[PDB]
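Nothing in this text is a laboratory measurement; each read-out follows from the coordinates by a stated rule. With ideal geometry, Cβ positions are generated from the backbone for all residues, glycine too; neighbour counts draw on all protein chains shown.
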C-alpha cells in the first residue's frame, strides 16, 4: 500500500549506506585506514597516500 | 677488485604486517589496562582513540 | 638463499639502521623511524651475498 513512502525511505537509506561503505576503499593507497597509513609511513611519504 | 665487482652482504627483512597475533613487538613497554574512559589506545601497533 | 624465521621475541631496529656499517639500508612501504613501536606477525630474514 505505501510503496512511494517506502521507496523514498529505501533510497535515502541506501545512499547513506553507500556513503559509509566508501570509507573502506583504499582508492589506490596502501590501506583504507588513515591512522595505519600515518602509523606505518613517515610524514613525507605519508602525505602522498593521505 | 673495484667496488662494482665487490661482494655486498644482503639480508631482506620482509616485514609481513598481517592481521594475526603478532610476535616481534618492538621495544616500547606496556601501560596498565584502562577502561570506561577516553584514551589513545595502542594494541600491537594499531593506533586508536 | 637461506630463510631464517624471526618470531617469538622482541626486536630493536634502531641499532640496526643507525649503525654506520650499513652503507645500504632501504625500507619499502614502512619508514624506519617508527619501526620501534609497531609489532609484526612474522619477519623473514633471507641471507645472500
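What are the residues in segment C:35-49 that are over 12 Å from the mean Cα position of the chain (by Cα) and more than 18 Å from residue C:8 (Cβ to Cβ), if any?
Matches in segment C:35-49: C:37, C:47, C:48, C:49.
Report, by residue number, each residue of segment B:32-42 that is loosely packed, with under 10 Cβ neighbours inside 10 Å and within 14 Å of chain C (Cβ to nearest Cβ).
B:40 - this is the single residue of segment B:32-42 that is loosely packed, with under 10 Cβ neighbours inside 10 Å and within 14 Å of chain C (Cβ to nearest Cβ).
Which condition from (1) over 12 Å from the mean Cα position of the chain (by Cα); (2) at the interface with chain B (Cβ under 10 Å from one of its Cβ atoms) is the one that residue C:19 breaks?
(2)
Of the conditions (1) out of contact with any strand residue (DSSP E or B) (no Cβ under 9 Å at 6 or more places or on another chain); (2) surrounded by 10 or more Cβ atoms within 10 Å (Cβ to Cβ), residue B:21 satisfies every one except a single condition; which number is it?
Result: residue B:21 fails condition (2) only.
Within segment A:23-45, take every residue that is assigned to a helix (DSSP H, G or I) and within 9 Å of chain C (Cβ to nearest Cβ) and give me the one that is surrounded by the most Cβ atoms within 10 Å (Cβ to Cβ).
Within segment A:23-45, the first condition is being assigned to a helix (DSSP H, G or I), and the residues that meet it are A:23-24, A:34-38, A:43-45.
Subsequent filtering for residues that are within 9 Å of chain C (Cβ to nearest Cβ) retains A:43-45.
Details: A:43: 10, A:44: 8, A:45: 15.
In this case the residue turns out to be A:45.
Quick check on this structure: which one of C:24, C:41 is within 9 Å of chain B (Cβ to nearest Cβ) and surrounded by 12 or more Cβ atoms within 10 Å (Cβ to Cβ)?
Details: C:24 fails: surrounded by 12 or more Cβ atoms within 10 Å (Cβ to Cβ).
After applying the criteria, what remains is C:41.
Just to check your reading of the model, which residue among A:48, A:20 is part of a helix (DSSP H, G or I), within 14 Å of another protein chain (Cβ to nearest Cβ) and under 30 Å from residue B:42 (Cα atoms)?
Working: A:20 fails: within 14 Å of another protein chain (Cβ to nearest Cβ).
Of A:48, A:20, the one residue that is part of a helix (DSSP H, G or I), within 14 Å of another protein chain (Cβ to nearest Cβ) and under 30 Å from residue B:42 (Cα atoms) is A:48.
Can you find, within segment C:1-21, the residue that is surrounded by the fewest Cβ atoms within 10 Å (Cβ to Cβ) among those that are in contact with a strand residue (DSSP E or B) (Cβ under 6 Å, 6 or more places away or on another chain) and not in a loop (DSSP other than H, G, I, E, B)?
Looking at the filtered set, the residue picked out is C:2.
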